[PDB]
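Presented below is the structure to which this report refers.
In my numbering, the protein residues as written are 1 to 95.
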């Protein structure tokens, strides 16, 4: 769903897992990994470079794209907008 950008199902999934302790934290792990997977593929310069929309300025958009999932599906939740940012800075420092 995260790759598909299916926000409604992602939002529908949110409410189900919001019920249990750390269930949303269990999500933080998946977006954390999903964020890390997206980040590493972009920050790793290869060949003759990569398109600006992907890496040069898309890297900053990667957080925004994940922020859209945070907004459109995850109710601008504290736990996500506070946790996933660490991954973004983690592989952003590799620039």
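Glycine included, every Cβ here is placed at the ideal spot set by N, Cα and C.
Task: For residue 30, the nearest candidate out of 93, 95, 92 and 87 (CA to CA) - done: 87
Task: Unbroken alpha helix (DSSP H) run spanning residue 32, endpoints - done: 23-43
Task: Which listed residue (24, 52, 67 and 18) has its alpha carbon closest to that of residue 96 - done: The first residue shown for the chain is 1 and the last is 95, placing residue 96 beyond what the model contains.
Open item on the list: Quick check on this structure: which residue in 27, 70, 28 and 57 has the alpha carbon closest to the alpha carbon of residue 92?
Closed with: It is 57 whose Cα lies nearest to the Cα of residue 92.
Open item on the list: Please return the same chain residues whose Cβ sits closer than 7 Å to the Cβ of residue 32, not counting the five positions on each side in sequence.
Closed with: 83, 84 and 87
TODO: State the DSSP-derived secondary structure class of residue 74, mapped to helix, strand or coil.
DONE: Looking at residue 74 - three-state DSSP - the assignment turns out to be coil, as it is neither helix nor strand.
Open item on the list: Suppose you measure from the CA of residue 78 to the CA of residue 3; what does that come to, to the nearest Å?
Closed with: 22 Å
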